[PDB]
Structures are given as C-alpha cells and as structure tokens.
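Written below as structure tokens is the structure these notes are about.
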Amino acid sequence: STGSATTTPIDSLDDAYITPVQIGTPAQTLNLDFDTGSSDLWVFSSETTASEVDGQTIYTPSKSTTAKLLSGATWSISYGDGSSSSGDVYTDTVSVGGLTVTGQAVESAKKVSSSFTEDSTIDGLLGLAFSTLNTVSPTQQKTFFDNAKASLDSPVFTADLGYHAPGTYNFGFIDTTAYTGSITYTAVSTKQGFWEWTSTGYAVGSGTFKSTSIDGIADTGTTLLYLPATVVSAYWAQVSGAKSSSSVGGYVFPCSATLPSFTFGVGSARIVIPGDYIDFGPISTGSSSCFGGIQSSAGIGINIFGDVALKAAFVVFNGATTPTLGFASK
C-alpha cells in the first residue's frame with residue numbers, strides 16, 4: 001500500500017503545516033500537524049475542555065462506529081516550546097492520503113495549553129518519530145507509520161514541504177519526480193527516539209564550507225533551524241544590523257536586509273536554504289525589526305533541523321530495520 005497527502009502552511013510565515021486526516025467511521029476529517037519530532041497522534045475532541053477549544057474541528061468518538069475506548073490508558077505530553085496536552089485514548093481507523101490503519105491509537109485531548117487553543121487551524125498532531133517516545137500509559141502505543149509499515153510497499157515516508165506553498169507527505173514510496181539529482185542517505189541514531197543524524201558542516205552565503213559534525217534531529221514539527229551558537233553567530237555576522245535580543249528571544253535583523261543563504265552538509269552533498277526562507281517577518285505588527293529563522297540551540301540541549309531546513313529539501317524517512325535519512329535538492 002501507499003498514501004499521498006498534501007500538506008499546507010497554516011499562515012503566511014509557514015509557522016507549521018497541516019495535513020488532512022480521516023478518523024473514524026463515517027470519516028471525520030481533521031487537519032493535523034505531522035511531527036517527526038514526537039510520537040503521539042492526538043486530537044481536539046468532544047472531550048476537550050470547552051474553554052480551550054476556539055475554532056478547531058473536533059473528533060467525536062461517540063459518532064464513530066469503529067471507535068473503542070482503550071480502557072485505562074492516558075497520555076500527557078510537553079513540547080520543546082513549552083506547550084502541552086493530555087487526555088485519554090481511543091482506537092479507531094485512521095487514513096492518510098488513501099492509506100488506512102485500523103486500530104490506531106487516537107489520543108483524545110481533555111486539556112490543551114494556550115498555544116494550541118490559540119491556533120484555530122491545527123486540530124491536533126500526528127507524531128512520526130519513533131514509537132519509544134509515545135506517552136500513552138500504562139501501555140505505550142505505536143505511531144501511524146509504525147502501524148502502517150508492514151503494509152507499505154517500502155518502509156518509508158517522505159516530507160516535501162513547500163516555501164509559502166503546499167507540499168506533500170508520501171507513505172510507502174519515493175516519488176522520483178519530486179526532487180532533482182540524487183538522494184544522499186545518512187545514518188540515524190534512534191537512541192533518543194528521534195530521527196537523529198549528523199550533518200557534515202555548513203556555509204554562509206557564498207562563503208567557504210566549514211567541515212564540522214553537527215548532530216541534530218529532523219523535526220517537521222519545529223518551525224525554525226536551531227544550531228550551535230558558533231554557527232548561528234557566523235551566519236548573523238553577515239547581516240548588517242543583526243543582533244541577538246534577549247527581550248525578543250533570539251536573533252533579529254533589519255527588515256530592510258537581504259539575507260544570505262545557508263548551506264548544510266549531508267555527507268558529501270549540500271542542501272542550500274535560500275535567504276528568503278530565513279525571514280520570519282516583523283517581530284510585531286508594523287515593526288521594522290524582523291525575526292530570524294536560524295536561532296541558537298544553546299540551552300535546548302539538541303540541534304533541530306526544523307521546517308526552515310527541511311523545506312529546502314526532499315526528505316526520506318527510511319524506517320527499514322536500520323533506519324536512515326535521505327536528502328535531495330528539489
């Protein structure tokens with residue numbers, strides 16, 4: 001089997017991407033944030049505290065003939081940005097782009113933090129990291145990808161995120177028309193439950209490539225590119241007037257700037273992030289100070305190749321017995 005679904009930015013900044021997902025019988029379609037940095041499929045639901053719902057589409061398990069309470073199971077998750085959600089669990093039929101999993105754990109939110117409530121466009125998350133990070137207790141549950149894997153033509157999914165444009169998540173096949181050149185594959189460590197890999201270095205604009213190992217995660221659920229302070233300083237030093245602002249919470253730059261590109265290494269290959277991808281616009285409406293898309297990972301504890309990086313590439317998440325990650329230009 002295979003599946004193919006379009007993913008769409010939620011706003012003009014590509015803050016996140018939503019992909020339609022069919023849950024239950026008859027289908028209830030919710031727009032979920034596919035997140036390769038976590039492993040819970042959770043939804044706004046008929047159980048979510050009413051005051052914490054503001055425009056989201058909800059899953060109502062009582063209206064699904066295939067929903068079953070997973071008795072005794074609860075879940076609770078906290079994300080890198082400080083947001084959180086928790087609730088109980090149903091199993092139900094879940095389909096993405098024509099690919100169907102029966103008996104998928106669908107985690108129903110009883111509570112969500114303010115950032116989720118305030119984002120009317122995101123109806124929940126679909127985790128695509130390794131199932132060892134799943135938060136369901138007392139019986140840990142599998143991701144949609146893990147459940148689908150055996151049925152897939154090939155044990156892979158691909159992320160093809162757009163810059164200010166729709167893109168695609170595919171399951172079970174590599175679309176050879178969706179990228180240019182060849183795909184370069186690189187080793188993955190699953191020790192922390194993430195798609196964790198080591199970049200071979202970087203360049204700033206037209207500058208020389210610096211060979212240096214940068215361990216980090218491929219995380220579609222994180223907006224920006226978070227890298228070591230040394231690397232980030234080298235980037236922003238090339239932008240007149242750029243500075244790190246503790247009051248704003250990262251690097252800002254004059255909105256009048258033209259940003260240089262940023263290149264990262266994948267083995268001997270190179271992925272180029274155009275300068276425009278690094279512009280996240282005015283810090284507040286009408287400001288001439290703009291927020292940077294490359295930020296320091298210092299104090300996160302991990303480097304994160306978020307959407308800013310991944311949208312510059314066609315990315316293969318290879319869930320073979322020895323997982324790997326593939327990157328191609330596009």
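By convention in this document, the chains of the structure tokens carry letters A, B, ... by their order, each chain's residues are numbered from 1, and ligands are numbered from 1 in the order they are shown.
Here the DSSP assignment of strand (DSSP E or B), based on backbone atoms, applies within segment 13-73 of chain A to residues 17, 18, 19, 20, 21, 22, 23, 28, 29, 30, 31, 32, 33, 34, 35, 41, 42, 43, 45, 59, 68, 69, 70, 71, 72 and 73 of chain A.
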Dump C-alpha atoms for the selected residues as a CSV table (one decimal), in the first residue's frame?
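And here is the file that came out, result-v8.csv:
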```csv
chain,number,residue,atom,x,y,z
A,17,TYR,CA,1.9,22.7,8.2
A,18,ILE,CA,-1.4,20.9,8.3
A,19,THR,CA,-2.4,17.7,6.5
A,20,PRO,CA,-6.0,16.3,6.4
A,21,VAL,CA,-6.5,13.0,8.2
A,22,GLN,CA,-9.6,10.8,8.2
A,23,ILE,CA,-10.5,9.4,11.6
A,28,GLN,CA,-14.2,12.7,10.4
A,29,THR,CA,-11.6,14.8,8.7
A,30,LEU,CA,-9.2,16.7,11.0
A,31,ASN,CA,-6.2,18.8,9.9
A,32,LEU,CA,-3.2,17.6,11.8
A,33,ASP,CA,0.4,18.8,12.3
A,34,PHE,CA,2.6,15.9,11.1
A,35,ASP,CA,5.5,16.0,13.6
A,41,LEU,CA,-1.3,11.2,17.5
A,42,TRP,CA,-3.6,13.4,19.5
A,43,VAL,CA,-6.7,15.4,18.6
A,45,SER,CA,-12.2,16.2,20.6
A,59,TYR,CA,-13.1,14.3,16.8
A,68,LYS,CA,-13.3,1.9,21.1
A,69,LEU,CA,-12.1,3.3,24.4
A,70,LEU,CA,-8.7,2.0,25.2
A,71,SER,CA,-9.6,1.3,28.8
A,72,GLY,CA,-7.3,2.8,31.4
A,73,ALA,CA,-5.0,4.5,29.0
```
Per residue of segment 90-170 of chain A within 10 Å of segment 79-84 of chain A, note the shortest atom pair and the distance in Å to one decimal, counting only C-alpha atoms, and order the rows by chain and increasing residue number, as CSV.
```
residue,atom,partner,partner_atom,distance
A:111,CA,A:84,CA,8.3
A:112,CA,A:84,CA,6.0
A:113,CA,A:84,CA,5.3
A:114,CA,A:83,CA,7.5
A:115,CA,A:83,CA,6.3
A:116,CA,A:83,CA,7.5
```
field: Shell of 6 Å around segment 146-160 of chain A, only C-alpha atoms, local chain residues under 6 positions omitted, as a ChimeraX atom specification
entry: /A:1-2,167-173,314-320
message: Which residues are close to segment 128-133 of chain A, i.e. within 10 Å by only C-alpha atoms, leaving aside same-chain residues fewer than 4 positions away? Reply as a PyMOL selection string.
response: chain A and resi 34-41+77+140-147+157+190-196+217-221+317+319
So which residues touch segment 107-109 of chain A within 10 Å, counting only C-alpha atoms, skipping near sequence neighbours fewer than 4 positions away, as a compact mmCIF listing (two decimals) with N, CA and C atoms, in the first residue's frame?
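The resulting file, result10.txt, is reproduced below:
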```txt
# COMPACT_ATOMS: atom_id res chain seq x y z
N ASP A 40 3.06 10.93 19.33
CA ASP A 40 1.67 10.84 19.76
C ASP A 40 0.79 11.40 18.66
N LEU A 41 -0.30 10.68 18.36
CA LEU A 41 -1.34 11.17 17.47
C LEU A 41 -2.44 11.60 18.40
N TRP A 42 -2.61 12.91 18.57
CA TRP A 42 -3.62 13.43 19.47
C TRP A 42 -4.47 14.46 18.76
N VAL A 43 -5.73 14.55 19.20
CA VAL A 43 -6.72 15.41 18.56
C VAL A 43 -7.55 16.19 19.56
N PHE A 44 -7.95 17.38 19.13
CA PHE A 44 -9.05 18.08 19.76
C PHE A 44 -10.27 17.17 19.62
N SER A 45 -11.12 17.14 20.64
CA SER A 45 -12.21 16.18 20.64
C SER A 45 -13.42 16.71 21.41
N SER A 46 -14.47 15.91 21.40
CA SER A 46 -15.66 16.19 22.19
C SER A 46 -15.37 16.17 23.69
N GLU A 47 -14.21 15.67 24.07
CA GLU A 47 -13.81 15.62 25.48
C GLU A 47 -12.97 16.82 25.90
N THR A 48 -12.52 17.63 24.94
CA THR A 48 -11.63 18.75 25.27
C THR A 48 -12.39 19.83 26.04
N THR A 49 -11.84 20.26 27.17
CA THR A 49 -12.38 21.38 27.95
C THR A 49 -12.87 22.48 27.02
N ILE A 58 -13.23 19.12 15.91
CA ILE A 58 -13.07 18.09 16.92
C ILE A 58 -13.44 16.70 16.44
N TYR A 59 -12.76 15.71 17.00
CA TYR A 59 -13.11 14.31 16.83
C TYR A 59 -14.13 13.94 17.90
N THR A 60 -15.23 13.33 17.48
CA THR A 60 -16.26 12.86 18.39
C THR A 60 -16.33 11.33 18.33
N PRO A 61 -15.68 10.65 19.29
CA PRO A 61 -15.65 9.19 19.15
C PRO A 61 -17.03 8.53 19.23
N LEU A 70 -9.76 2.78 24.79
CA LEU A 70 -8.65 1.96 25.22
C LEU A 70 -8.63 2.09 26.74
N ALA A 73 -6.12 3.80 29.61
CA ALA A 73 -4.97 4.48 29.01
C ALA A 73 -5.11 5.99 29.10
N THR A 74 -4.02 6.64 29.47
CA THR A 74 -3.97 8.09 29.49
C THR A 74 -2.68 8.53 28.82
N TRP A 75 -2.60 9.82 28.51
CA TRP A 75 -1.43 10.37 27.85
C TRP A 75 -1.24 11.80 28.31
N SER A 76 0.00 12.26 28.23
CA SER A 76 0.34 13.61 28.63
C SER A 76 1.69 13.94 28.00
N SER A 85 -0.43 19.01 26.23
CA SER A 85 -1.78 18.50 26.12
C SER A 85 -1.84 17.14 26.80
N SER A 86 -3.05 16.69 27.13
CA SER A 86 -3.23 15.41 27.81
C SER A 86 -4.66 14.93 27.70
N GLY A 87 -4.88 13.64 27.92
CA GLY A 87 -6.22 13.12 27.89
C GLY A 87 -6.28 11.62 27.98
N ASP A 88 -7.28 11.03 27.34
CA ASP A 88 -7.44 9.58 27.30
C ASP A 88 -7.33 9.09 25.86
N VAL A 89 -7.61 7.80 25.62
CA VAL A 89 -7.24 7.18 24.35
C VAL A 89 -8.35 6.29 23.80
N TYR A 90 -8.57 6.41 22.50
CA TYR A 90 -9.44 5.51 21.75
C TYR A 90 -8.60 4.81 20.70
N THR A 91 -9.06 3.66 20.22
CA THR A 91 -8.52 3.13 18.98
C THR A 91 -9.59 3.34 17.92
N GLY A 124 -4.83 19.00 15.86
CA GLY A 124 -4.06 18.02 16.60
C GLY A 124 -2.74 17.72 15.93
N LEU A 125 -2.02 16.74 16.47
CA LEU A 125 -0.70 16.36 15.97
C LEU A 125 -0.70 14.90 15.56
N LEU A 126 0.10 14.57 14.54
CA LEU A 126 0.35 13.19 14.18
C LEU A 126 1.85 12.95 14.24
N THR A 135 3.71 8.68 24.59
CA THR A 135 3.45 8.91 26.02
C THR A 135 2.28 8.14 26.63
N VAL A 136 1.63 7.27 25.88
CA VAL A 136 0.49 6.56 26.44
C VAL A 136 0.93 5.62 27.56
N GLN A 141 1.86 3.09 22.96
CA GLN A 141 1.24 2.86 21.66
C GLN A 141 2.17 3.19 20.50
```
message: I'd like to know which residues of segment 99-296 of chain A are helix (DSSP H, G or I) (by DSSP, run on the backbone); could you write them as an MDAnalysis selection string?
response: chainID A and resid 114:118 131:133 144:151 229:236 275:278
Put those residues in a file: N, CA, C and O atoms, as a short mmCIF file (atom, residue, chain, number, x, y, z; two decimals), in the first residue's frame.
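The resulting file, selection-v2.cif, is reproduced below:
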```
data_model
loop_
_atom_site.label_atom_id
_atom_site.label_comp_id
_atom_site.auth_asym_id
_atom_site.auth_seq_id
_atom_site.Cartn_x
_atom_site.Cartn_y
_atom_site.Cartn_z
N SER A 114 -2.46 26.91 26.11
CA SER A 114 -2.95 28.09 25.41
C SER A 114 -2.50 28.19 23.94
O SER A 114 -3.27 28.64 23.09
N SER A 115 -1.27 27.79 23.65
CA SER A 115 -0.77 27.90 22.28
C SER A 115 -1.60 27.05 21.32
O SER A 115 -1.80 27.45 20.17
N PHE A 116 -2.08 25.90 21.77
CA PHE A 116 -2.93 25.06 20.93
C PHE A 116 -4.30 25.70 20.76
O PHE A 116 -4.81 25.81 19.63
N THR A 117 -4.88 26.19 21.85
CA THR A 117 -6.19 26.82 21.77
C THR A 117 -6.16 27.98 20.77
O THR A 117 -7.09 28.16 19.97
N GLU A 118 -5.08 28.75 20.81
CA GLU A 118 -4.95 29.96 20.02
C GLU A 118 -4.69 29.68 18.54
O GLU A 118 -4.85 30.56 17.69
N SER A 131 8.38 5.09 18.06
CA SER A 131 7.29 4.83 18.99
C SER A 131 7.73 4.76 20.46
O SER A 131 6.91 4.83 21.36
N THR A 132 9.03 4.63 20.69
CA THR A 132 9.57 4.65 22.04
C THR A 132 9.34 5.98 22.77
O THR A 132 9.44 6.03 24.01
N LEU A 133 9.01 7.04 22.03
CA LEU A 133 8.68 8.32 22.66
C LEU A 133 7.20 8.48 22.95
O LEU A 133 6.79 9.48 23.53
N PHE A 144 1.33 6.04 13.71
CA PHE A 144 0.67 5.70 12.46
C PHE A 144 1.63 5.03 11.49
O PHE A 144 1.29 4.03 10.85
N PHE A 145 2.84 5.57 11.37
CA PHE A 145 3.85 4.99 10.48
C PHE A 145 4.25 3.59 10.93
O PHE A 145 4.31 2.67 10.12
N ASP A 146 4.51 3.41 12.22
CA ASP A 146 4.86 2.08 12.71
C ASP A 146 3.75 1.07 12.42
O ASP A 146 4.03 -0.05 12.01
N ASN A 147 2.50 1.47 12.64
CA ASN A 147 1.38 0.57 12.37
C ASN A 147 1.23 0.27 10.87
O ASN A 147 0.88 -0.86 10.51
N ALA A 148 1.51 1.24 10.02
CA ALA A 148 1.33 1.07 8.58
C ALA A 148 2.46 0.30 7.94
O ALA A 148 2.29 -0.25 6.86
N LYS A 149 3.61 0.27 8.60
CA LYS A 149 4.88 -0.10 7.96
C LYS A 149 4.85 -1.40 7.18
O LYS A 149 5.29 -1.47 6.02
N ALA A 150 4.32 -2.45 7.81
CA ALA A 150 4.35 -3.79 7.22
C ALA A 150 3.52 -3.85 5.94
O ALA A 150 3.77 -4.70 5.08
N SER A 151 2.53 -2.97 5.84
CA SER A 151 1.62 -2.95 4.69
C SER A 151 2.15 -2.09 3.55
O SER A 151 1.69 -2.19 2.42
N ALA A 229 25.65 27.83 18.86
CA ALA A 229 25.83 29.27 18.92
C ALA A 229 26.94 29.77 18.00
O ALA A 229 26.84 30.86 17.44
N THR A 230 28.00 28.99 17.86
CA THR A 230 29.11 29.36 16.98
C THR A 230 28.63 29.52 15.53
O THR A 230 28.95 30.49 14.86
N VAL A 231 27.85 28.55 15.07
CA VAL A 231 27.34 28.53 13.69
C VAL A 231 26.38 29.69 13.46
O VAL A 231 26.43 30.38 12.43
N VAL A 232 25.48 29.89 14.41
CA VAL A 232 24.45 30.93 14.30
C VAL A 232 25.08 32.32 14.32
O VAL A 232 24.67 33.21 13.57
N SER A 233 26.08 32.51 15.17
CA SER A 233 26.81 33.77 15.21
C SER A 233 27.49 34.05 13.87
O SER A 233 27.46 35.18 13.38
N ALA A 234 28.10 33.03 13.30
CA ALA A 234 28.75 33.19 12.00
C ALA A 234 27.75 33.59 10.91
O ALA A 234 28.08 34.38 10.01
N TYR A 235 26.55 33.02 10.95
CA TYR A 235 25.52 33.41 9.99
C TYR A 235 25.12 34.88 10.16
O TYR A 235 25.21 35.66 9.21
N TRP A 236 24.70 35.26 11.36
CA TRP A 236 24.12 36.58 11.55
C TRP A 236 25.17 37.70 11.49
O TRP A 236 24.83 38.84 11.19
N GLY A 275 18.10 32.56 1.32
CA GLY A 275 17.96 33.59 2.34
C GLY A 275 16.52 33.92 2.69
O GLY A 275 16.20 34.14 3.86
N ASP A 276 15.64 33.97 1.70
CA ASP A 276 14.24 34.30 1.96
C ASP A 276 13.58 33.33 2.96
O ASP A 276 12.63 33.71 3.67
N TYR A 277 14.05 32.09 3.00
CA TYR A 277 13.44 31.07 3.87
C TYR A 277 13.73 31.38 5.33
O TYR A 277 13.09 30.83 6.22
N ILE A 278 14.72 32.24 5.57
CA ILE A 278 15.21 32.56 6.91
C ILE A 278 14.52 33.83 7.48
O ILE A 278 14.73 34.21 8.63
#
```
- prompt: Hey, what's within 8 Å of residue 307 of chain A if we count only C-alpha atoms and toss same-chain stuff fewer than 4 positions away? As a ChimeraX atom specification, please?
  reply: /A:16,161,219-225,311
For C-alpha atoms, I'd like the residues from the last selection saved as a CSV table (one decimal), in the first residue's frame.
```
chain,number,residue,atom,x,y,z
A,16,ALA,CA,3.5,25.0,10.7
A,161,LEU,CA,7.4,20.9,2.5
A,219,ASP,CA,11.8,17.7,13.0
A,220,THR,CA,8.9,18.7,10.8
A,221,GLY,CA,7.1,19.9,14.0
A,222,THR,CA,9.6,22.7,14.7
A,223,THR,CA,9.4,25.9,12.6
A,224,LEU,CA,13.0,27.1,12.7
A,225,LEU,CA,16.6,25.9,12.3
A,311,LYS,CA,11.5,22.7,3.3
```
query: Could you work out how far atom CA of residue 226 of chain A lies from atom CA of residue 4 of chain A, giving the answer in Å with one decimal?
result: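 Computing the Euclidean distance for atom CA of residue 4 of chain A and atom CA of residue 226 of chain A yields 28.8 Å.
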- request: Tell me which protein, DNA and RNA residues are within 7 Å of residue 272 of chain A, counting only C-alpha atoms, leaving out same-chain ones fewer than 6 positions away, and put them as a list in words.
  value: residues 261, 262, 263, 264 and 312 of chain A
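Of the listed residues A:227, A:102, A:51, A:25, the one whose atoms come nearest to residue 66 of chain A is A:25, with distances taken using only C-alpha atoms.
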